[PDB]
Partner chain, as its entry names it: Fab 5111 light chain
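Only one chain is included here, represented as structure tokens and corresponding to the form deposited without its partner chain.
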């Protein structure tokens, strides 16, 4: 692979790992607020096959932050503000130069777990196809 491909694969892995960390940290037998967190409704991408589709993740990060404020502080090195800001920086760069592309959402909302599963899968998939 090229150097550009490799650094994109690296940004995507860093994105992956932070999304993974959030999901593991909230979705476990020990989190007494998981039930409450699952009541929130995340918008989902209609299609997520290309880096520009990360726009759909970006637009949900404020919501993600709000839900993460219910999590166990002890499960995260960073405060949710700082973790989400890091994800935001990576997403902004990975999605590419913003055209007239606002992203297209599915009608069905999803729990935080479904939402994070979608984006982790998306990231794993794109790494594999670069």
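Positions refer to the first chain, counted from 1.
- For the pair 4 to 12 and 119 to 127, the mean B factor over Cα atoms is greater in 4 to 12.
- For the two regions 104 to 112 and 14 to 22, the entry's Cα B-factors average higher over 104 to 112.
- Looking only at 41, 53, 62, 74, the residue with the top Cα B factor in the deposited structure is 74.
- Considering 83, 70, 57, 90 together, the PDB entry gives 70 the largest C-alpha B factor.
Omitted from view is the form deposited with its partner chain bound, to which the following refers.
- When contacts are judged by a 4.5 Å heavy atom cut-off, residue 52 does not count as touching its partner chain in the entry with it bound.
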